[PDB]
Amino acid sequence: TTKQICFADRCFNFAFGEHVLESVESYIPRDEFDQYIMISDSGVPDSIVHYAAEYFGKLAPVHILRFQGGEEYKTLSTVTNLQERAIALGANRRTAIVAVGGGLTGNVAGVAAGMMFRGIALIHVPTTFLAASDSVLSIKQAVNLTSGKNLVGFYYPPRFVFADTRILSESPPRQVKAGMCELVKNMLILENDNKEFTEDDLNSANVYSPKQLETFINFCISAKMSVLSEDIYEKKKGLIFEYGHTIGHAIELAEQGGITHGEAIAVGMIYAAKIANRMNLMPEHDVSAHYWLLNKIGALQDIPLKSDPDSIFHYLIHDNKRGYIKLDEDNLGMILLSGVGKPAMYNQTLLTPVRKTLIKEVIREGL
């Protein structure tokens, strides 16, 4: 399957299916690019990297560039070293950067590619379900400073995306689960019949076929791009993709790598639902709909939540990776819903002011 993705007038083909890469030659013009610089963080399996390199190798010479994985090395310094090594390989304006990995590699490679010669071709090969169904459906690129996550970056589209659903289907279930959390976020925030699966197709093991993941990817493409095609910077209606993220991101920091992003977000959406209900915005049945879908993917079942309430609050009021978290002394802005499919508006924005009372309460009581 091939979908045409467009962020305003910046379009790319997102091909996804089994052995898409062995069909790369059908998607990229024979002499589009004179060289492939393949970029992959050190945690990506070598078998995926070497496999991708052999197929890109049918079009033009490929070089493989690894770098040290982990959020500690997701920095402009890692980017510079990759750009230097690329130039030392003879990279030029006709080179494409092929990012082979999850979202960490996507971001690092996207910052590299968006700056080299003021911007060269970026091709995504997402190897995690979260990268394939969420993070490559965003043109934000960012890396970390010592004082914060994703503090430096910009907006930069790819030229191509290839998601191999056989690779995704063999990925770790805890990682599939993480991207399934964001998929269930998409189900709760936006009205849909434009999905070719039901809640019956969700399972709590997070083990899916290549074809089921293909169908999930298609739904995420439709869902996200229905909003981001027009809101490319994710500053308006695109705030909706931050449902569950306000508290979720703080919990994610507090747990210091103990929980996945998707798990933190799943918990963050449960909190948002309870808050919207405690504010009279959302009926109880809609809150129960959050628990019902999240349990279907086994989201809340695991979840080694080890941090204290005060540490979660600390991370929340000291956070800068989104603008306008703390409105005034008493209130944080949150993306809340009046119901499944129904974002709550406040003053022509998706940020509803929420009293710190309710936030501390839901955090302390947990699940």
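One rule holds for the numbers: they count along the sequence shown, beginning at 1.
Two stretches are in play, 358-366 and 3-11, and the higher mean C-alpha B-factor belongs to 358-366. Judged by mean Cα B factor in the deposited record, 244-252 ranks above the other of 173-181 and 244-252. Taking the deposited Cα B-factors for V44, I335, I39, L332, the highest one is held by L332. Take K224, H261, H124, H285 and read off each C-alpha B-factor from the entry; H285 has the highest. In the PDB entry, a CA B factor belonging to the middle third of its chain's modelled residues is recorded for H290. In the PDB entry, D134 places in the lowest third of its chain by CA B-factor.
When the modelled residues of the chain are ordered by C-alpha B-factor, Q212 sits in the lowest third. Annotation for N144: CA B-factor lies in the middle third of the chain's modelled residues. When the modelled residues of the chain are ordered by C-alpha B-factor, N192 sits in the highest third.
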